[PDB]
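*Asks:* One structure coming up, written as structure tokens, with questions to follow.
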Amino acid sequence: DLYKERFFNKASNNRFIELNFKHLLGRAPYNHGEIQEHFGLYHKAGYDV
Amino acid sequence: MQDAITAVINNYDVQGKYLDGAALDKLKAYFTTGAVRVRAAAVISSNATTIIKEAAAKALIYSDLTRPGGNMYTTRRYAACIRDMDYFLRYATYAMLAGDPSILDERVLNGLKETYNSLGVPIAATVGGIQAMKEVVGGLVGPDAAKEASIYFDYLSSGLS
Amino acid sequence: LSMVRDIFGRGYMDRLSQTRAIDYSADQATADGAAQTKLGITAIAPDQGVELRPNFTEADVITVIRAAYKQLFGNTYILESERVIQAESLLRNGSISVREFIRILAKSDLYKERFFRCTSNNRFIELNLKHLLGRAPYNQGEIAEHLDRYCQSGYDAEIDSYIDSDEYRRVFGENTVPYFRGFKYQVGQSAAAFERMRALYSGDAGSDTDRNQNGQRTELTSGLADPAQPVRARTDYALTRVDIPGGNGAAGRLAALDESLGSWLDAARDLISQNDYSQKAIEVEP
Amino acid sequence: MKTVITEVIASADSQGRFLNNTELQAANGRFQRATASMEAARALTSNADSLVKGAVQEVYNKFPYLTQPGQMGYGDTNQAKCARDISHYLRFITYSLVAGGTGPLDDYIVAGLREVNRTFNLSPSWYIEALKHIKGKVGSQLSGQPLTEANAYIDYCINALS
Amino acid sequence: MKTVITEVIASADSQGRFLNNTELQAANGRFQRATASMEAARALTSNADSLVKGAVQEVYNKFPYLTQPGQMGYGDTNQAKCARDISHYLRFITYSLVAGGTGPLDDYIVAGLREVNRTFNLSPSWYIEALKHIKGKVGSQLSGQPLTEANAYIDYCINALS
Amino acid sequence: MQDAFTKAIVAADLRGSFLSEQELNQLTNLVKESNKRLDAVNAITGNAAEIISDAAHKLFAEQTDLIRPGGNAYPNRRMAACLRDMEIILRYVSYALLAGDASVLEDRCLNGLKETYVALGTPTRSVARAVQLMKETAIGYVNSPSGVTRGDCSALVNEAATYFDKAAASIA
Amino acid sequence: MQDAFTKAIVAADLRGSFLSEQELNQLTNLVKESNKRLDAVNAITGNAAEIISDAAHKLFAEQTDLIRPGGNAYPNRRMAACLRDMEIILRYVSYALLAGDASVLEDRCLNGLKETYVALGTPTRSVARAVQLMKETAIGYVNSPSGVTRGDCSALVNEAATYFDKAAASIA
Amino acid sequence: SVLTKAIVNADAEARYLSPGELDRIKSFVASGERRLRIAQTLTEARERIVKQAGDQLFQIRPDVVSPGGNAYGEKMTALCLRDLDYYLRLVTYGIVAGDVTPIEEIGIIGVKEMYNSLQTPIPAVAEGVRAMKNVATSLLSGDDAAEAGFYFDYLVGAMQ
Amino acid sequence: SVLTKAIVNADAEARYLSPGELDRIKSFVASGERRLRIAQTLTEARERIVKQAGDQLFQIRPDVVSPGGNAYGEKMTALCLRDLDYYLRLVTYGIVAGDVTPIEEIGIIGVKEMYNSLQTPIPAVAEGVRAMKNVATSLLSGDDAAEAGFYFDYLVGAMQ
Amino acid sequence: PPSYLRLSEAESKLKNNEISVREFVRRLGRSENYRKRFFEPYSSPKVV
Ligand SMILES: CCC1=C(C)/C(=C/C2=NC(=C\c3[nH]c(/C=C4\NC(=O)[C@H](C)[C@H]4CC)c(C)c3CCC(=O)O)/C(CCC(=O)O)=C2C)NC1=O
Ligand SMILES: CCC1=C(C)/C(=C/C2=NC(=C\c3[nH]c(/C=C4\NC(=O)[C@H](C)[C@H]4CC)c(C)c3CCC(=O)O)/C(CCC(=O)O)=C2C)NC1=O
Ligand SMILES: CCC1=C(C)/C(=C/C2=NC(=C\c3[nH]c(/C=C4\NC(=O)[C@H](C)[C@H]4CC)c(C)c3CCC(=O)O)/C(CCC(=O)O)=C2C)NC1=O
Ligand SMILES: CCC1=C(C)/C(=C/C2=NC(=C\c3[nH]c(/C=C4\NC(=O)[C@H](C)[C@H]4CC)c(C)c3CCC(=O)O)/C(CCC(=O)O)=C2C)NC1=O
Ligand SMILES: CCC1=C(C)/C(=C/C2=NC(=C\c3[nH]c(/C=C4\NC(=O)[C@H](C)[C@H]4CC)c(C)c3CCC(=O)O)/C(CCC(=O)O)=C2C)NC1=O
Ligand SMILES: CCC1=C(C)/C(=C/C2=NC(=C\c3[nH]c(/C=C4\NC(=O)[C@H](C)[C@H]4CC)c(C)c3CCC(=O)O)/C(CCC(=O)O)=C2C)NC1=O
Ligand SMILES: CCC1=C(C)/C(=C/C2=NC(=C\c3[nH]c(/C=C4\NC(=O)[C@H](C)[C@H]4CC)c(C)c3CCC(=O)O)/C(CCC(=O)O)=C2C)NC1=O
Ligand SMILES: CCC1=C(C)/C(=C/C2=NC(=C\c3[nH]c(/C=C4\NC(=O)[C@H](C)[C@H]4CC)c(C)c3CCC(=O)O)/C(CCC(=O)O)=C2C)NC1=O
Ligand SMILES: CCC1=C(C)/C(=C/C2=NC(=C\c3[nH]c(/C=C4\NC(=O)[C@H](C)[C@H]4CC)c(C)c3CCC(=O)O)/C(CCC(=O)O)=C2C)NC1=O
Ligand SMILES: CCC1=C(C)/C(=C/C2=NC(=C\c3[nH]c(/C=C4\NC(=O)[C@H](C)[C@H]4CC)c(C)c3CCC(=O)O)/C(CCC(=O)O)=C2C)NC1=O
């Protein structure tokens, strides 16, 4: 909930997906295909996957 | 700017509606208070200088504000401050005549909060200067006009805070 | 000009002046017209003590009996079967003074059951001073002298010691019902007697028999032994520990700046006194 | 604060008793009397300015020496505090008129009067003479029961000062 | 801010999921429980004044030395800031009662508590003793499920401070 | 102690002023309605016993726990205390009603009362209710009396209610 | 109640000892200066009324708010209370001065006084000032009296001042 | 200062300081040591100058300390001398810099509007300043008294 | 006038008069006879009006007519009432014109500078005008007294 | 100007750098104070 309350619970999916790239991978999103792939996974399988 | 009457006209114009019963009732509610607004403006205008002096005396001077280190220290800044006070009084008198606060937004509040932050002008102290002029005004204008004058001073002061 | 010559010269000749005496304006800022007496004491400020005089019909005797019962037993209900009908009959017949009627009521088994059997000896002394003398204890030594007299001479002799006191005779005489006095400063009275009387006097609605967690505890004795305190105000009047914020006016700042201003202040006052400004010649106009 | 209403209520309370016909009859007196009282009050209220200046002066005319230097009717501050004081008295007279009793006078002017006057070297004689004068002029501002009321309270102050 | 409602919504959202019977059952608990909670809240609200003065004093009675000079229970400002602080706790207890969860306590008093208390030389023991006392007196203002609720949150604060 | 006039006077004095023509006429109106006021106070006095009795019957009808052992209106001693308090409060409400001001009620009766009851274990909510019932019946009497001249007493009925409501609020 | 000797005795007793030759001579000196002390107490008694009056005139000269409505020395009742307190404090200061010890002042007058005034709404800073003015005038009199033998009373003037200063500090 | 004034004019013609607008600076530097000394001397006697100025003022214009006067009363007089203390301070600043500069921004621009609001009679403030000239000037050598006097007469001039 | 004001705004925007502008000319001209009557009454009582203004003034400010007062003396008072006569005249002009154009060019623009030079206290001139309002207004019907009163309060306003 | 026409709010707008000097000049050109005193009395040819 430390990560979830701060970076997921009050932002949209674009801010959340780009914050995942900054925190976990340490780099910025590369194209629109990286974001349109990840949010499809979020809607299909939830935040844990 | 807009007043009571043009507020209604423009609200209907965007719908392309002729004025209907609800509109006509609003305009009546303005016209029926009109003579009282005029009398109140003549009291404020003719006591302008005394209102500022009594408002400053209750809410600004005899204080750290007027002492070295204070924002209304120096004849320059004291003059700028009571100059401002005159603006507020004068425009509130316009808003109250018009029966619409839109002029207070267009010609007074827009950017003023940040202008004061940028110069260091104390906001809370300025609000007290506004609410002291209201206090004086409400005595001078009487039962007829007290509530109606008061609201545009309150509009001004919640516009800064 | 001419309107000047005629309606204007003599007129200026000092008549024009006479002077400029008049006013005053205001006028302390804040509120409080004779209120303070709001702390439940409005009825009491100085409560009006009931004197019963001779050749009295009855209505006066019934009023004195009600006042004496309200003073000795507080606002506590007394059953008609609990009233000392013999003492009321002796007072109605003028056979006893109001003082001796109070002695009979204070020695009664009802006063012994309510105030002596239900309460600690120190609280019984605090209450006897309240009921019989209308005041709080001045010193812990006064509670000790009454406690030693009680231990040596028993109950009825302690009651007589309050009623035969020169203080009782000087303040109530023989014909006045005791009334609450601790809200006045008397000559020789401790300033703490007011605060202690207020702690003992919970207002007119107060019951001295209240078995709820404080009424049987010594309200005053905790404080007395030493330097430590004040009285519980049940505390919605002692401002519930207002922490004394400090009534200090905007002038506070002037004081600070003029402290430099204060060097000029003296010069102000100092030249004012050598000087009077009645002089108005002012110009020279060479 | 002593009024007919507070007095009867005080007397009921102290006997643990509801207000009865005795006490309500009393109250009716106070209410029936309000018209005369309040007429006196309005007349004393609007003439206050001149009643005060009239009485102030009369204190100096009756005690000429007061207005010489070194004396207590000299200089702006003494003469100012005098007008004020008579004004206080007239004010409480109007209050007593409106209230239906001497309470306002008892609580705000009578309680403590002599101690104060004695510490400050204020002679009651002045104040009696201020009030005697006010009583003279109020003879032609009022009549009938409003005058009797005005008189009742002016005289009450004069007795408080003797 | 943690309430039963926010918790179930958070759990749904994080699985990208509509609220289902599991989550609505949960919510019914919070709503069914509101009556007891809000009774506790009203009682704690109106007694606030005395609950605070009672607990403040008890801190000095249990730690006598605090009230001596040179100490942190001395002078108007310390004793003032103390009453205020206990008042903050009771305030958030009522909020937690009304809200249906510990959120208000977690967000406004628990997050950061120790760092603050450690920088300012404030011993938790005082605050525990303030709360233990408040718990003693709330035994006779409430009973049944309102008392259990009041207790739940008072105890929650005491555990936060240990 | 204050009455409605005395209150005016205290506020005027705090300004340093003779009473305002505003305040004067407010008080002229109180004198105008004073016969009605006397009837209203008389309505309560003339039915005090029944007002208390009827309030009482109904209080214990609702709250049968008070008259069980363990209950705060049991045994006879406690019931007599409860009946006595009902009378005391009705009495100070009638005083306030003659006065046109709540102060005697607040200062001599309501001040400290809640804390007394809590110390005693007396259930304040039940006491508040007993006061609400006295109000219903008292006003009943103010509104429907013996051969009083017909007119409108609603202003006075309201004011009486606020005194009953002050007491209730103060105690609950 | 203590005086300067009694104080010595209490401290000696707490050691379990007969008075030290140190303490003996300190007390021999108090007896040495006792005629001066009697004149000093007499200076205050002989001008009590003027000391209070003059302090008073000057207090209200400075603080003209106290004598306006609401102000705490308005109306006559409050002014008489304020004049009375000025006398009470001057009285206990004179007692301390005869005694050579502040205890009667602290125990019978100053103990609880501040909290009394705060409860009452009496402005303590004004009361402190009235005490400072009494001090100025009282000492004036101690220093310049009717045909007293010429000598040095500064030790006693200091001690009197500390009693005035105790009271001021205790109250403000 | 003299520096500020010279420079501000310089940047205005996109030019370099010329051989005249250098000579004044040199004069000022030599003058400044003397100028600094005069200000220090004035500062030492400030309380005496103000007080004696205040007596000289109220004799010449008793009306300001009278019933309908702006400075009537003990604390309306206290503020009046404080204003006289303000202006003496600004006069020491003006002398030291060698140019009036800062004093203008601190105490004349806006002064009409300030005092009109307070209803202070401006020309009697000008008199209070003349009174200070008279006192201050009696504590300085002839040459230094003149140099000081220019700055007093400026303030007197600006309140006009 | 109302005419001059309307037209000047018309010409400056290069246009014919508005319905509004035409309406006010019509309402104005309808009040012609009434406005002329208001001026006549006041012209007819001019000597009485200044005097009563002059008494009201010297009670309220006995100082102006005192040693250090601008109007001190018989001929310093004569000129003062003459100035009061001037302003009443201008007020009659304004009332018949229906605006201030004439009042303004003749007696307010430049008035601060004139009176500052003469050292006349401006705000006590404003009082003299209030005093004239009070007298003049007591010789006119309620409706006409208000219409006149606007022009008195304007002059009072402009001396500010 | 003897505290005349001037620029209430005009001065604060020019300083503050809310308005630039060219702009302030343009405001000054179209104003009553200007129309009167330079266009109030002249045929259409010398005013230009
Ligand atoms: C916080 C919750 C949340 C929202 C609301 C959300 C919106 C959202 N919609 C998106 C795309 C989209 N959204 C639509 C929606 C529409 N197309 C239409 O023509 C219709 C008008 C409309 C359907 C009613 C389409 C077509 C795209 C894909 C656009 C593209 O890639 O070309 C994207 C880009 C990433 C992606 O394609 O997955 C985001 C972030 N994302 C989120 O995380
Ligand atoms: C350093 C620049 C500077 C100056 C000079 C200045 C003056 C100044 N003078 C003031 C008042 C005052 N000043 C005076 C002065 C006078 N009365 C007279 O009649 C005489 C003509 C004159 C004395 C020579 C008086 C009487 C007041 C009180 C006016 C009032 O309170 O209404 C006040 C308001 C009180 C305050 O809050 O300080 C200010 C700010 N402020 C500044 O920042
Ligand atoms: C020590 C025990 C004791 C006794 C014995 C006693 C007797 C006594 N009876 C009294 C009155 C009285 N006693 C009676 C008795 C009677 N009237 C008749 O006609 C009958 C013949 C008789 C009843 C059998 C009456 C009527 C009064 C009232 C007299 C009055 O006030 O007019 C009074 C006057 C005080 C009062 O009225 O309370 C006393 C002291 N008091 C005591 O303390
Ligand atoms: C232990 C010895 C002792 C002291 C010292 C004492 C002080 C004291 N002063 C009091 C009131 C008072 N004290 C004053 C004094 C003053 N008013 C002013 O404006 C001046 C600044 C000042 C006089 C110099 C006044 C006016 C009151 C009455 C306040 C009121 O009731 O409104 C009261 C409240 C009770 C009463 O009014 O009698 C106490 C207890 N009481 C004591 O028993
Ligand atoms: C100033 C006027 C005044 C009031 C208002 C007053 C209230 C009051 N009520 C009391 C007791 C009481 N009051 C009640 C009242 C009730 N019990 C219930 O269950 C009901 C809810 C309620 C009746 C409606 C009872 C039962 C007691 C006795 C408590 C006990 O001793 O256990 C007591 C304790 C002393 C005594 O028992 O006589 C006081 C002081 N006292 C006063 O002097
Ligand atoms: C609320 C009711 C109330 C009254 C009645 C009242 C009287 C009163 N008059 C006072 C003073 C005074 N009273 C006067 C009276 C007069 N001087 C004259 O020229 C005449 C001879 C006379 C008028 C007839 C004078 C001169 C003083 C100043 C005494 C002094 O401080 O030396 C003072 C001392 C405080 C002060 O200096 O103001 C009080 C309390 N105060 C009150 O609060
Ligand atoms: C929103 C919830 C919240 C809490 C709980 C809170 C606690 C808190 N208590 C503080 C101080 C304090 N707290 C106390 C507490 C006490 N003093 C005593 O007499 C007793 C021993 C004790 C009460 C039991 C004291 C004395 C200080 C002043 C510490 C200092 O600045 O030296 C401060 C430092 C800022 C300040 O000085 O006010 C915080 C933040 N602040 C918050 O915002
Ligand atoms: C002994 C003390 C005393 C009392 C009690 C008193 C009552 C009294 N009530 C009166 C009127 C009245 N009283 C009422 C009262 C009511 N009308 C209703 O319909 C309600 C049921 C009731 C509400 C309280 C009304 C409506 C009038 C007639 C209007 C009026 O005189 O104000 C009158 C005027 C004469 C009359 O019209 O009968 C008197 C004298 N006078 C007194 O001196
Ligand atoms: C009735 C009670 C009583 C009194 C009052 C009393 C006074 C008294 N004061 C004395 C001396 C004196 N009293 C003073 C007092 C002063 N010197 C000053 O210059 C100061 C103004 C003043 C300060 C308080 C001095 C200096 C002496 C002479 C030295 C001494 O004897 O200690 C003496 C010694 C005889 C003498 O030299 O005159 C007596 C008996 N004796 C008594 O039995
Ligand atoms: C037409 C609408 C309008 C308004 C309202 C307005 C306000 C305004 N106030 C300003 C400055 C200022 N405003 C103040 C005001 C105050 N000082 C205080 O201490 C008090 C709290 C307060 C008076 C009550 C001061 C002292 C300055 C000068 C800041 C500086 O020195 O630069 C400035 C900067 C330009 C200038 O100095 O004139 C503007 C534009 N401008 C506008 O165009």
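Going down the list, the protein sequences come from chains A, B, Y, R, U, V, P, S, Z and H.
Quick note, full-length UniProt numbering runs 146 ahead of the 1-based positions in the first sequence.
Counting along the second sequence from 1, when you hit position 48 you're at 48 in full-length UniProt numbering, and nothing is skipped either side.
Numbered according to full-length UniProt numbering, the third sequence spans residues 50 to 75, 81 to 340.
Counting along the fourth sequence from 1, when you hit position 116 you're at 116 in full-length UniProt numbering, and nothing is skipped either side.
Counting along the fifth sequence from 1, when you hit position 6 you're at 6 in full-length UniProt numbering, and nothing is skipped either side.
Counting along the sixth sequence from 1, when you hit position 28 you're at 28 in full-length UniProt numbering, and nothing is skipped either side.
Counting along the seventh sequence from 1, when you hit position 72 you're at 72 in full-length UniProt numbering, and nothing is skipped either side.
Quick note, full-length UniProt numbering runs 1 ahead of the 1-based positions in the eighth sequence.
Quick note, full-length UniProt numbering runs 1 ahead of the 1-based positions in the ninth sequence.
Quick note, full-length UniProt numbering runs 1011 ahead of the 1-based positions in the tenth sequence.
For every residue, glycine included, the Cβ atom is placed at its ideal position computed from N, Cα and C.
Could you tell me the alpha carbon to alpha carbon distance between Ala99 of chain Y and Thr91 of chain Y, rounded to whole angstroms?
*Replies:* Distance between the alpha carbons of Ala99 of chain Y and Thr91 of chain Y: 6 Å.
*Asks:* Sorry if obvious, but does the Cβ on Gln182 of chain A come closer than 6 Å to a heavy atom of ligand 1?
*Replies:* Yes, since a heavy atom of ligand 1 falls inside the 6 Å radius drawn around the Cβ of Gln182 of chain A.
*Asks:* Note the first and the last residue of the continuous alpha helix (DSSP H) segment covering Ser139 of chain S.
*Replies:* It is not in any alpha helix (DSSP H) - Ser139 of chain S carries neither H nor E in the DSSP assignment.
*Asks:* Do you know offhand how far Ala97 of chain Y's Cα is from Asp107 of chain V's?
*Replies:* For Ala97 of chain Y and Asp107 of chain V, the distance between alpha carbons rounds to 9 Å.
*Asks:* Measure the alpha-carbon distance for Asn177 of chain A versus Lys113 of chain B and round it to whole angstroms.
*Replies:* Rounded to whole angstroms, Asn177 of chain A to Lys113 of chain B spans 41 Å at the Cα level.
*Asks:* Give me the Cα-Cα distance between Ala149 of chain Z and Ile107 of chain Z, rounded to the nearest whole angstrom.
*Replies:* The alpha-carbon atoms of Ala149 of chain Z and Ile107 of chain Z are separated by roughly 19 Å.
*Asks:* Roughly how far, in whole angstroms, is the beta-carbon of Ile156 of chain Y from the beta-carbon of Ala211 of chain Y, given that I think they are within contact range, below 8 Å?
*Replies:* 16 Å between Cβ atoms; not a contact.
*Asks:* Quick check: does the Cβ of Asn71 of chain B come within less than 6 Å of any heavy atom belonging to ligand 10?
*Replies:* Indeed, a heavy atom of ligand 10 lies less than 6 Å from the Cβ.
*Asks:* Residues of the stretch 17-39 of chain P in Cβ contact with chain Y at a cutoff of 7 Å, in chain order, please.
*Replies:* For the stretch 17-39 of chain P, which is checked against every Cβ of chain Y, not one residue is closer than 7 Å.
*Asks:* What in chain B is Cβ-close to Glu1020 of chain H, meaning under 8 Å?
*Replies:* Residues of chain B passing the Cβ test: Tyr87.
*Asks:* Would you say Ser1023 of chain H touches ligand 10, meaning its beta carbon is less than 6 Å from a heavy atom?
*Replies:* Under cutoff, so the answer is yes.
*Asks:* Determine, using beta-carbon pairs with one atom in the stretch 200-216 of chain Y and one in the stretch 52-66 of chain P, whether at least three such pairs fall under 8 Å.
*Replies:* No: the two stretches stay apart, fewer than three of their Cβ pairs being nearer than 8 Å.
*Asks:* Which word fits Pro75 of chain V, buried or exposed, when buried means at least 16 other C-beta atoms lie within 10 angstroms of its C-beta?
*Replies:* So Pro75 of chain V ends up on the exposed side.
*Asks:* Less than 8 Å between the CB atoms is what I'm expecting for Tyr153 of chain R and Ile93 of chain R, so what's the real figure, rounded?
*Replies:* Right, the Cβ-Cβ distance comes to about 5 Å (below 8 Å), so this counts as a contact.
*Asks:* So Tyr60 of chain R is in the alpha helix (DSSP H); what residue range does that whole segment cover?
*Replies:* From DSSP, the alpha helix (DSSP H) with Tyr60 of chain R extends over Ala48 to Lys62.
*Asks:* Under 6 Å from any heavy atom of ligand 9, does the C-beta of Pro281 of chain Y make it?
*Replies:* Outside the cutoff, so no.
*Asks:* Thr230 of chain Y bridges to which residues according to DSSP?
*Replies:* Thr230 of chain Y pairs with Y:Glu105.
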